[PDB]
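Written below as structure tokens is the structure these notes are about.
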Amino acid sequence: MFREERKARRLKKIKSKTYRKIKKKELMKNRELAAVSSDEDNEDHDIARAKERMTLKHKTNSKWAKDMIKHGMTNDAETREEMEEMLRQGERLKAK
Amino acid sequence: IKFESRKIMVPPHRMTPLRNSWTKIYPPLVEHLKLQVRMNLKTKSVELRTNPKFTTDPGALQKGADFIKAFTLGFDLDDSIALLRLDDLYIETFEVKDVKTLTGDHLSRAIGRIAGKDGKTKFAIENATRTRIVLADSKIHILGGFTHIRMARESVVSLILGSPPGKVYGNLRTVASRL
Amino acid sequence: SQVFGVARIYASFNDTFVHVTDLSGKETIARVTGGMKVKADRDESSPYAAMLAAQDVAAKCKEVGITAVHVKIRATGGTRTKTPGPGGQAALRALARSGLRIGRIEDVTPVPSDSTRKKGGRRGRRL
Amino acid sequence: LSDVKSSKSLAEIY
Amino acid sequence: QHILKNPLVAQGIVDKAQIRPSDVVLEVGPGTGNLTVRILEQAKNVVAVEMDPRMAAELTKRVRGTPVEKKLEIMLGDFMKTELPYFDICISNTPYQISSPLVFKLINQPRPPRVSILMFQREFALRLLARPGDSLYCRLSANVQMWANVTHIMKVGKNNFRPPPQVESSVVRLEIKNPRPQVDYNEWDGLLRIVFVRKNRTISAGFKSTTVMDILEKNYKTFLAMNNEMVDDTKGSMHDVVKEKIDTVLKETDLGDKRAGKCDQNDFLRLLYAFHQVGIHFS
Amino acid sequence: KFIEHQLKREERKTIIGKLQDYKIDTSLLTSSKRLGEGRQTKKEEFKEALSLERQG
Amino acid sequence: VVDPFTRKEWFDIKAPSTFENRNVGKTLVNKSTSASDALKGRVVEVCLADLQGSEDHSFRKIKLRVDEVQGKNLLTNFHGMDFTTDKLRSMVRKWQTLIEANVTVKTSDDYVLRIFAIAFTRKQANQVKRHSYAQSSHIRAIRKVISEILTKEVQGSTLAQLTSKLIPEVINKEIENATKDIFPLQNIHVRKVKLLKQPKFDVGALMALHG
Amino acid sequence: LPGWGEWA
RNA sequence: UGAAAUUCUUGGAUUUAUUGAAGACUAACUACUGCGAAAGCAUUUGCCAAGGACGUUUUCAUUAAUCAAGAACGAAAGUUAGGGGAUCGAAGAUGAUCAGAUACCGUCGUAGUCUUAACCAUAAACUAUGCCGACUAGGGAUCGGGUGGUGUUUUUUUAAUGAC
RNA sequence: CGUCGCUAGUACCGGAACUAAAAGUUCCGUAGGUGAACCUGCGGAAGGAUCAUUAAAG
RNA sequence: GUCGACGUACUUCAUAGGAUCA
Ligand SMILES: [Mg+2]
Ligand SMILES: [Mg+2]
Ligand SMILES: [Mg+2]
Ligand SMILES: [Mg+2]
Ligand SMILES: [Mg+2]
Ligand SMILES: [Mg+2]
């Protein structure tokens with residue numbers, strides 16, 4: 001138990017975007033390749049789509065998206081990717 | 001071939017691997033080198049002796065002791081066996097603090113940089129330089145030919161001083177081609 | 001019938017010394033270094049240099065009457081590296097092969113409880 | 001250059 | 001290597017050089033020759049010092065078959081090593097590594113140029129231009145200002161140079177003083193060196209250093225010897241007399257408690273005269 | 001500023017004249033460049049001994 | 001023009017009676033023109049295993065200084081004790097507290113000396129915690145106990161008696177018994193002995209030691 | 001295990 | 001040193017052994033664990049005062065939270081005046097200036113590094129994350145205190161403590 | 001195959017003789033800088049890629 | 001003086017992402 005605590009403590013301190021980005025990408029591959037995640041039923045997709053329409057949480061009217069857009073911070077490539085990442089994720093939930 | 005003895009104290013964290021690998025350690029020592037092998041559980045030290053009536057190679061005892069010592073430092077068995085097979089392998093040892101006085105997270109990141117993600121950087125140095133590297137906390141041991149260990153040491157030291165792994169990796173390809 | 005000396009091996013970065021002395025350490029029996037056995041200053045720390053130096057002292061010691069030596073291997077120590085280098089390791093192996101009986105091997109590197117500053121500076125050394 | 005542990009043992013490479 | 005590509009700054013440099021039609025121009029660091037062609041257009045004749053034979057050949061090819069071809073002359077070698085001809089104006093975009101020697105060489109030419117337009121990095125140029133009491137006032141500033149007058153022409157940025165360097169640049173004008181002021185260069189520089197080891201401390205503290213006392217005592221003994229006065233030559237014979245001399249001169253000049261970085265030319269001249277009065281010669 | 005500068009110029013001229021009153025050569029005097037060294041080699045010691053012998 | 005060993009002469013070193021094996025090798029010195037003056041003050045360090053002929057003392061060294069010469073025999077006396085570096089590096093381990101004490105004391109022979117003792121905490125038989133750290137109060141108490149013990153044995157004994165106690169390691173067991181109630185310990189050892197000052201030399205007290 | 005605790 | 005050369009060296013260098021002197025620093029144990037308002041704090045022993053947490057069927061009874069003004073401390077570097085000056089070392093000097101993984105290396109080294117009495121008041125002074133109070137899931141590790149056991153061990157007379 | 005050349009040397013009175021000549025990482029604070037397209041000293045940060053072994057009072 | 005710092009007023013560079021089709 002100590003060994004996981006020491007390793008978990010050290011990985012906790014590293015909070016670099018590039019490091020965390022690489023780990024996240026590799027995790028999504030492993031879960032995708034091993035199909036750890038269960039298939040979504042049609043009813044599950046409908047409920048998810050319903051909440052997205054109810055809220056409209058993944059458009060550029062959000063506080064963060066509006067803050068970046070109105071102040072020329074999205075002209076940069078990296079912050080534009082995050083905005084587009086958010087927008088494609090919203091589009092996924094909108095799919096029928 | 002006079003009666004001589006060597007004693008190699010095993011640190012506690014290497015005793016259990018010594019147990020699981022003992023079956024593959026005494027055969028080469030007792031057969032090829034004609035050495036009398038034993039471990040003193042009371043002292044927890046591996047004892048090797050020359051058998052005057054049987055042992056013939058004068059350098060067998062010292063050759064065996066270095067092989068035990070290499071396993072003791074943390075090198076895998078097969079890599080340690082290379083000391084028995086060959087006669088031109090040496091172990092280079094140095095500490096991180098010798099290169100640069102690093103403390104706290106700076107020391108942790110230096111060790112992480114040397115090993116690299118999934119140990120890739122360490123393997124990259126090992127393959128290019130034809131050496132084996134054991135990264136024991138802030139203590140680094142390198143095993144290989146004399147000219148080879150120096151090349152690996154320079155690549156390691158550049159990582160300690162702060163050189164990014166990516167640039168060191170390219171340098172490994174260049175020297176690898178020269179080799 | 002068995003006379004002991006002491007074989008002091010000083011394994012630095014740029015050279016290796018093999019010094020054989022009586023038990024006390026006052027009297028020198030034979031001092032040979034890597035430089036005296038090699039043509040190019042680059043190879044003085046080379047293991048090959050140590051082997052020649054070790055063999056020369058081993059031959060000389062047998063002439064004197066010394067038939068066994070206790071090995072006291074050491075590095076530069078101090079604020080610098082504490083482990084003997086391959087030059088020292090090579091010298092030990094050659095001495096064993098020489099037939100000279102090896103009594104006891106111990107590391108006597110000067111290790112500081114805590115020392116002065118190291119010559120590198122804040123940014124390090126040994127590029 | 002290989003970035004994984006070499007299958008050949010150090011004696012084998014030499 | 002870094003090569004300028006902005007034509008406006010080159011035109012400005014050549015214009016502010018103010019090349020009279022009877023002027024011979026020493027052009028260091030010719031490079032491709034963007035400056036050289038324009039200097040040739042409005043000069044008697046140009047002598048160029050180039051290190052790279054390939055670049056000299058390319059310049060020769062460019063100027064071949066042109067009305068200004070006979071005017072140009074190209075010297076091949078290292079600028080510091082070469083012994084240079086008479087030149088009226090210096091216009092250089094040389095590598096900054098030889099910036100400091102170049103300046104003093106221009107100062108110590110047997111007939112120094114009346115004007116020179118030199119490009120340096122921003123820090124070096126500002127240290128050249130620094131005035132007494134400023135943060136960057138240094139030995140270079142005092143020495144050059146004694147031997148010349150340096151003014152700021154323009155600030156050349158990073159974008160102008162391809163590939164971009166890590167340091168910004170600036171063009172300055174150096175005007176050696178004619179007639180040369182009559183002070184020995186060695187003694188001026190020696191005094192400054194003794195006093196500028198730490199420019200924001202008291203000058204007395206500058207003279208407290210034991211090695212400085214040793215040097216000054218040896219100089220005093222040599223001075224007594226040249227005057228045919230007999231001097232013991234022991235290591236510590238004259239330590240106590242030189243210490244007293246230094247204390248008295250520092251006190252009377254009132255410069256003991258003044259920081260070197262806040263002392264102007266006249267203060268150092270007064271100190272030099274006082275030390276010469278009491279008998280201590282620096283270099 | 002102009003009047004201050006002119007007064008400084010006159011003072012500088014007077015001081016430089018008085019300096020010409022007190023002027024010598026600098027070949028034999030040890031340069032202040034040696035302030036950092038603090039120890040000399042046998043080559044430097046021999047050079048100094050030869051120079052002093054030439055001085056007599 | 002002269003091989004130095006033509007003029008050298010060999011001398012046999014003999015150890016005190018407190019050690020089992022008196023023969024401890026030999027040394028050399030230039031032949032008298034005297035050899036005694038160079039010989040006197042010479043210090044030789046030897047492992048206890050050789051002197052006792054038992055591998056139980058493989059990690060302890062004794063320094064003996066030459067004090068008298070008679071007919072090629074160098075009569076030496078105890079000068080110091082120390083541990084081998086490998087053993088000390090072995091004992092010092094992670095996840096435990098190191099308790100070290102030193103005491104300066106003079107024997108009944110006016111031999112002023114300094115004893116350094118070392119000990120480490122150990123985990124109980126049924127202990128499950130990773131570490132066996134001792135609170136600073138326990139460390140101070142153990143250090144006090146060790147200091148009192150060492151002073152008691154040194155003051156009430158001679159130097160020869162002190163060495164006779166050092167060889168069998170009785171002092172370590174006494175420390176273990178005294179500190180048993182305070183906190184469990186392991187690797188209790190008299191790490192080092194220094195001989196700081198010496199009394200006036202008495203050749204009788206040396207001959208008696210050598211029989 | 002041959003040689004584990006005795007000479008082998 | 002990539003190879004050299006400034007450097008020391010038959011008046012004995014480097015290395016060896018017995019000592020002695022000086023000034024710094026407290027390895028391994030050492031762990032994001034402990035302490036402090038923060039900066040920071042690591043050899044033993046003694047003295048001086050200070051402190052959190054815990055236990056309390058002790059005492060006062062709103063005395064409290066946050067805080068312009070104002071005050072105490074404030075890494076490193078740095079300034080004034082003494083002391084010290086081993087190591088490392090800005091500045092300065094000097095050898096070499098050949099070779100791109102080892103490409104800035106070497107030697108001497110002033111100020112400094114240390115200390116006493118005062119100045120300076122800045123840090124990626126970082127959890128890039130105000131202080132006080134309430135509430136909202138499970139798990140087992142660790143540090144300090146307390147309670148409970150008819151638990152192991154020691155006290156090798158018991159025991160009571162201590163350690164688990 | 002000849003003449004004068006050019007390089008080195010030997011002599012003689014610019015001149016005139018002889019011999020030889022296998023080449024084509026990113027920073028923060030502070031303090032400095034005179035081979036400054038940038039360097040250096042001291043303290044700090046990650047906003048920098050953790051592999052192996054590990055109860056051996058077993 | 002094509003001078004430095006600041007204040008003010010402006011200019012400019014960093015925008016594409018997914019799906020289908022050829
Ligand atoms: Mg603690
Ligand atoms: Mg309280
Ligand atoms: Mg204050
Ligand atoms: Mg002072
Ligand atoms: Mg901090
Ligand atoms: Mg809260």
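Letters for chains follow the order of the structure tokens (A, B, ...), residue numbers begin at 1 for each chain, and ligand numbers begin at 1 in the order shown.
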Contacts from chain I to chain A, 12 Å maximum, only C-alpha atoms (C1' of nucleotides): show me the residue list as a PDB file with N, CA and C atoms (P, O5', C5', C4', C3', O3' and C1' of nucleotides), in the first residue's frame.
ATOM      1  P     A I  31      14.997   9.950   1.262  1.00  0.00           P
ATOM      2  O5'   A I  31      13.432   9.770   1.474  1.00  0.00           O
ATOM      3  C5'   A I  31      12.601  10.905   1.629  1.00  0.00           C
ATOM      4  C4'   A I  31      11.234  10.535   2.143  1.00  0.00           C
ATOM      5  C3'   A I  31      10.332  11.707   2.486  1.00  0.00           C
ATOM      6  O3'   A I  31       9.685  12.233   1.342  1.00  0.00           O
ATOM      7  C1'   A I  31      10.259  10.083   4.223  1.00  0.00           C
ATOM      8  P     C I  32      10.114  13.664   0.747  1.00  0.00           P
ATOM      9  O5'   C I  32       9.229  14.696   1.575  1.00  0.00           O
ATOM     10  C5'   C I  32       8.018  14.273   2.180  1.00  0.00           C
ATOM     11  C4'   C I  32       6.945  15.324   2.088  1.00  0.00           C
ATOM     12  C3'   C I  32       5.524  14.793   2.238  1.00  0.00           C
ATOM     13  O3'   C I  32       5.111  14.757   3.589  1.00  0.00           O
ATOM     14  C1'   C I  32       5.683  16.028   0.240  1.00  0.00           C
ATOM     15  P     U I 127       3.963  25.293  -2.761  1.00  0.00           P
ATOM     16  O5'   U I 127       2.884  24.200  -3.173  1.00  0.00           O
ATOM     17  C5'   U I 127       1.561  24.261  -2.655  1.00  0.00           C
ATOM     18  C4'   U I 127       0.517  24.091  -3.730  1.00  0.00           C
ATOM     19  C3'   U I 127       0.456  25.209  -4.763  1.00  0.00           C
ATOM     20  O3'   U I 127      -0.014  24.685  -6.005  1.00  0.00           O
ATOM     21  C1'   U I 127      -1.574  25.146  -3.568  1.00  0.00           C
ATOM     22  P     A I 128       0.502  25.295  -7.399  1.00  0.00           P
ATOM     23  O5'   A I 128       0.088  26.828  -7.323  1.00  0.00           O
ATOM     24  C5'   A I 128      -0.276  27.539  -8.499  1.00  0.00           C
ATOM     25  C4'   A I 128       0.110  28.993  -8.411  1.00  0.00           C
ATOM     26  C3'   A I 128      -1.051  29.979  -8.469  1.00  0.00           C
ATOM     27  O3'   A I 128      -0.761  31.133  -7.681  1.00  0.00           O
ATOM     28  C1'   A I 128       0.377  30.323 -10.328  1.00  0.00           C
ATOM     29  P     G I 140     -11.349   0.775   6.679  1.00  0.00           P
ATOM     30  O5'   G I 140      -9.787   0.623   6.452  1.00  0.00           O
ATOM     31  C5'   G I 140      -9.290  -0.280   5.472  1.00  0.00           C
ATOM     32  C4'   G I 140      -7.938   0.150   4.983  1.00  0.00           C
ATOM     33  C3'   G I 140      -6.895   0.230   6.092  1.00  0.00           C
ATOM     34  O3'   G I 140      -5.629  -0.233   5.639  1.00  0.00           O
ATOM     35  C1'   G I 140      -7.087   2.332   5.029  1.00  0.00           C
ATOM     36  P     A I 141      -4.551  -0.746   6.711  1.00  0.00           P
ATOM     37  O5'   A I 141      -3.289   0.179   6.444  1.00  0.00           O
ATOM     38  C5'   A I 141      -2.826   1.093   7.424  1.00  0.00           C
ATOM     39  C4'   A I 141      -1.952   2.147   6.800  1.00  0.00           C
ATOM     40  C3'   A I 141      -1.252   3.082   7.761  1.00  0.00           C
ATOM     41  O3'   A I 141      -0.112   2.486   8.341  1.00  0.00           O
ATOM     42  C1'   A I 141      -2.165   4.320   5.971  1.00  0.00           C
ATOM     43  P     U I 142       0.201   2.689   9.897  1.00  0.00           P
ATOM     44  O5'   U I 142       0.816   4.149   9.952  1.00  0.00           O
ATOM     45  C5'   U I 142       1.863   4.520   9.071  1.00  0.00           C
ATOM     46  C4'   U I 142       2.097   6.005   9.097  1.00  0.00           C
ATOM     47  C3'   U I 142       2.068   6.654  10.468  1.00  0.00           C
ATOM     48  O3'   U I 142       3.277   6.487  11.181  1.00  0.00           O
ATOM     49  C1'   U I 142       0.779   7.933   8.965  1.00  0.00           C
TER      50        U I 142
END
Dump the neighbourhood of ligand 3 as a VMD selection string: all residues within 12 Å, distances computed on only C-alpha atoms (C1' of nucleotides) and all ligand atoms. chain I and resid 71 to 74 118 to 121
Take the residues from that selection and put them in a file with C-alpha atoms (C1' of nucleotides), as a PDB file, in the first residue's frame.
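Heads up, here's the output in selection32.pdb:
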ATOM      1  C1'   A I  71       3.868  48.057  13.753  1.00  0.00           C
ATOM      2  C1'   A I  72       7.215  42.974  14.217  1.00  0.00           C
ATOM      3  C1'   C I  73       9.789  39.328  11.169  1.00  0.00           C
ATOM      4  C1'   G I  74      11.060  38.847   5.927  1.00  0.00           C
ATOM      5  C1'   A I 118      23.134  48.498  11.814  1.00  0.00           C
ATOM      6  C1'   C I 119      20.729  49.331   6.450  1.00  0.00           C
ATOM      7  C1'   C I 120      17.999  47.182   2.065  1.00  0.00           C
ATOM      8  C1'   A I 121      12.484  44.727   1.947  1.00  0.00           C
TER       9        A I 121
END
Which residue out of B:95, B:35, B:163, B:172 has the minimum interatomic distance to residue J:26 when only C-alpha atoms (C1' of nucleotides) are used? B:163
Write down, as a PyMOL selection string, each residue of chain E that has any atom within 9 Å of an atom of chain K, counting only C-alpha atoms (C1' of nucleotides). chain E and resi 12+16+151-154
Distance limit 9 Å, reference ligand 6, atoms considered: only C-alpha atoms (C1' of nucleotides) and all ligand atoms. Which residues make the cut? Give them as a PyMOL selection string. chain I and resi 132-134
Got a sec to pull out which chain B residues are within 10 Å of chain A, counting only C-alpha atoms, and send them as number ranges by chain? B: 105, 108-109
Could you please extract the residues within 12 Å of ligand 4, counting only C-alpha atoms (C1' of nucleotides) and all ligand atoms, and hand them back as a PyMOL selection string? (chain E and resi 201+205-206+208-209) or (chain I and resi 79-85+111-112+114-116)
Requested write-out: C-alpha atoms (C1' of nucleotides) of the selected residues, as a PDB file, in the first residue's frame:
ATOM      1  CA  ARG E 201      31.165  50.735  -3.031  1.00  0.00           C
ATOM      2  CA  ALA E 205      37.027  50.157   0.073  1.00  0.00           C
ATOM      3  CA  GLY E 206      38.281  49.704  -3.474  1.00  0.00           C
ATOM      4  CA  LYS E 208      41.533  48.268   0.833  1.00  0.00           C
ATOM      5  CA  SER E 209      42.213  45.092  -1.168  1.00  0.00           C
TER       6      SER E 209
ATOM      7  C1'   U I  79      25.561  48.657   1.335  1.00  0.00           C
ATOM      8  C1'   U I  80      28.097  50.828   6.042  1.00  0.00           C
ATOM      9  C1'   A I  81      32.226  49.620  10.302  1.00  0.00           C
ATOM     10  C1'   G I  82      35.137  45.863  12.774  1.00  0.00           C
ATOM     11  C1'   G I  83      36.597  40.259  12.810  1.00  0.00           C
ATOM     12  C1'   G I  84      37.622  36.052   9.905  1.00  0.00           C
ATOM     13  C1'   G I  85      39.141  34.353   5.224  1.00  0.00           C
ATOM     14  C1'   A I 111      34.181  41.345  -3.972  1.00  0.00           C
ATOM     15  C1'   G I 112      31.378  37.517  -1.902  1.00  0.00           C
ATOM     16  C1'   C I 114      31.158  33.051   7.454  1.00  0.00           C
ATOM     17  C1'   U I 115      30.454  36.409  11.821  1.00  0.00           C
ATOM     18  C1'   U I 116      29.230  41.007  15.154  1.00  0.00           C
TER      19        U I 116
END
Find the distance between atom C1' of residue I:11 and atom CA of residue C:39 and write it in Å to one decimal.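 The value is 28.6 Å.
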Within 12 Å of ligand 2, which residues show up when you count only C-alpha atoms (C1' of nucleotides) and all ligand atoms? List them as a PDB file with N, CA, C and O atoms (P, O5', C5', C4', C3', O3' and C1' of nucleotides), in the first residue's frame, please.
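Done, and the output landed in result-v6.pdb:
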ATOM      1  P     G I  51       3.001  30.710  25.201  1.00  0.00           P
ATOM      2  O5'   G I  51       2.972  29.661  24.008  1.00  0.00           O
ATOM      3  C5'   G I  51       2.888  30.103  22.665  1.00  0.00           C
ATOM      4  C4'   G I  51       2.864  28.946  21.703  1.00  0.00           C
ATOM      5  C3'   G I  51       1.800  27.899  21.960  1.00  0.00           C
ATOM      6  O3'   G I  51       0.522  28.292  21.498  1.00  0.00           O
ATOM      7  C1'   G I  51       3.858  26.837  21.521  1.00  0.00           C
ATOM      8  P     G I  52      -0.807  27.713  22.186  1.00  0.00           P
ATOM      9  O5'   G I  52      -1.259  26.549  21.202  1.00  0.00           O
ATOM     10  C5'   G I  52      -1.473  26.813  19.826  1.00  0.00           C
ATOM     11  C4'   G I  52      -1.381  25.558  18.996  1.00  0.00           C
ATOM     12  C3'   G I  52      -2.342  24.446  19.359  1.00  0.00           C
ATOM     13  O3'   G I  52      -3.642  24.657  18.843  1.00  0.00           O
ATOM     14  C1'   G I  52      -0.182  23.551  19.030  1.00  0.00           C
ATOM     15  P     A I  53      -4.926  24.202  19.688  1.00  0.00           P
ATOM     16  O5'   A I  53      -4.842  22.618  19.677  1.00  0.00           O
ATOM     17  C5'   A I  53      -4.851  21.896  18.459  1.00  0.00           C
ATOM     18  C4'   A I  53      -4.525  20.443  18.682  1.00  0.00           C
ATOM     19  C3'   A I  53      -5.322  19.745  19.767  1.00  0.00           C
ATOM     20  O3'   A I  53      -6.612  19.350  19.344  1.00  0.00           O
ATOM     21  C1'   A I  53      -3.041  19.247  20.043  1.00  0.00           C
ATOM     22  P     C I  54      -7.805  19.254  20.408  1.00  0.00           P
ATOM     23  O5'   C I  54      -7.319  18.126  21.412  1.00  0.00           O
ATOM     24  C5'   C I  54      -7.157  16.791  20.972  1.00  0.00           C
ATOM     25  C4'   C I  54      -6.587  15.926  22.061  1.00  0.00           C
ATOM     26  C3'   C I  54      -7.408  15.840  23.332  1.00  0.00           C
ATOM     27  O3'   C I  54      -8.469  14.911  23.226  1.00  0.00           O
ATOM     28  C1'   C I  54      -5.146  16.230  23.876  1.00  0.00           C
ATOM     29  P     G I  55      -9.830  15.132  24.042  1.00  0.00           P
ATOM     30  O5'   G I  55      -9.379  15.040  25.561  1.00  0.00           O
ATOM     31  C5'   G I  55      -8.962  13.804  26.116  1.00  0.00           C
ATOM     32  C4'   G I  55      -8.711  13.916  27.598  1.00  0.00           C
ATOM     33  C3'   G I  55      -9.756  14.675  28.395  1.00  0.00           C
ATOM     34  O3'   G I  55     -10.884  13.882  28.701  1.00  0.00           O
ATOM     35  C1'   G I  55      -7.600  15.397  29.026  1.00  0.00           C
TER      36        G I  55
END
Determine, counting only C-alpha atoms (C1' of nucleotides), which protein, DNA and RNA residues have an atom within 12 Å of an atom of residue B:157; residues of the same chain fewer than 2 positions away are not included. Present the result as an MDAnalysis selection string. (chainID B and resid 94:100 110:111 113:114 125 140 149:155 159:165 168) or (chainID C and resid 124:127) or (chainID I and resid 101:102)
How about saving the chosen residues, C-alpha atoms (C1' of nucleotides) kept, as a PDB file, in the first residue's frame?
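That gives us selection.pdb:
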ATOM      1  CA  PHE B  94      28.113   7.632  -9.620  1.00  0.00           C
ATOM      2  CA  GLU B  95      25.463   9.645  -7.792  1.00  0.00           C
ATOM      3  CA  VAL B  96      23.167  12.419  -8.971  1.00  0.00           C
ATOM      4  CA  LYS B  97      24.564  14.811  -6.363  1.00  0.00           C
ATOM      5  CA  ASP B  98      28.015  14.327  -7.901  1.00  0.00           C
ATOM      6  CA  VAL B  99      26.791  15.911 -11.131  1.00  0.00           C
ATOM      7  CA  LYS B 100      24.503  18.538  -9.619  1.00  0.00           C
ATOM      8  CA  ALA B 110      15.994  14.203 -12.591  1.00  0.00           C
ATOM      9  CA  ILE B 111      15.487  10.503 -11.862  1.00  0.00           C
ATOM     10  CA  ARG B 113      14.055  12.160 -16.823  1.00  0.00           C
ATOM     11  CA  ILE B 114      16.818   9.538 -16.867  1.00  0.00           C
ATOM     12  CA  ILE B 125      20.819   4.630 -23.872  1.00  0.00           C
ATOM     13  CA  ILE B 140      23.286   5.121 -11.050  1.00  0.00           C
ATOM     14  CA  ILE B 149      30.165   2.993 -20.209  1.00  0.00           C
ATOM     15  CA  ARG B 150      31.748   6.414 -20.741  1.00  0.00           C
ATOM     16  CA  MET B 151      29.437   7.090 -23.684  1.00  0.00           C
ATOM     17  CA  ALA B 152      26.395   6.085 -21.639  1.00  0.00           C
ATOM     18  CA  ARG B 153      27.619   8.193 -18.720  1.00  0.00           C
ATOM     19  CA  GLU B 154      27.773  11.326 -20.872  1.00  0.00           C
ATOM     20  CA  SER B 155      24.238  10.745 -22.140  1.00  0.00           C
ATOM     21  CA  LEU B 159      19.968  14.414 -18.673  1.00  0.00           C
ATOM     22  CA  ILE B 160      20.880  15.229 -15.064  1.00  0.00           C
ATOM     23  CA  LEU B 161      22.149  18.697 -15.981  1.00  0.00           C
ATOM     24  CA  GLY B 162      18.737  19.384 -17.548  1.00  0.00           C
ATOM     25  CA  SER B 163      19.047  18.441 -21.223  1.00  0.00           C
ATOM     26  CA  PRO B 164      15.621  17.334 -22.493  1.00  0.00           C
ATOM     27  CA  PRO B 165      15.233  13.641 -23.348  1.00  0.00           C
ATOM     28  CA  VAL B 168      19.574  13.312 -25.991  1.00  0.00           C
TER      29      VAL B 168
ATOM     30  CA  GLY C 124      26.651  21.590 -12.422  1.00  0.00           C
ATOM     31  CA  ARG C 125      29.673  20.222 -14.230  1.00  0.00           C
ATOM     32  CA  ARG C 126      30.848  17.324 -16.431  1.00  0.00           C
ATOM     33  CA  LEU C 127      28.884  18.309 -19.551  1.00  0.00           C
TER      34      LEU C 127
ATOM     35  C1'   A I 101      27.168  13.926 -28.869  1.00  0.00           C
ATOM     36  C1'   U I 102      31.244  14.944 -25.096  1.00  0.00           C
TER      37        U I 102
END
Tell me which protein, DNA and RNA residues are within 9 Å of residue G:161, counting only C-alpha atoms (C1' of nucleotides), leaving out same-chain ones fewer than 5 positions away, and put them as JSON, numbers by chain. {"G": [18, 154, 166]}
Taking only C-alpha atoms (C1' of nucleotides) into account, find every residue of chain J that has an atom no more than 9 Å from chain A, and write it out as a PyMOL selection string. chain J and resi 46-50
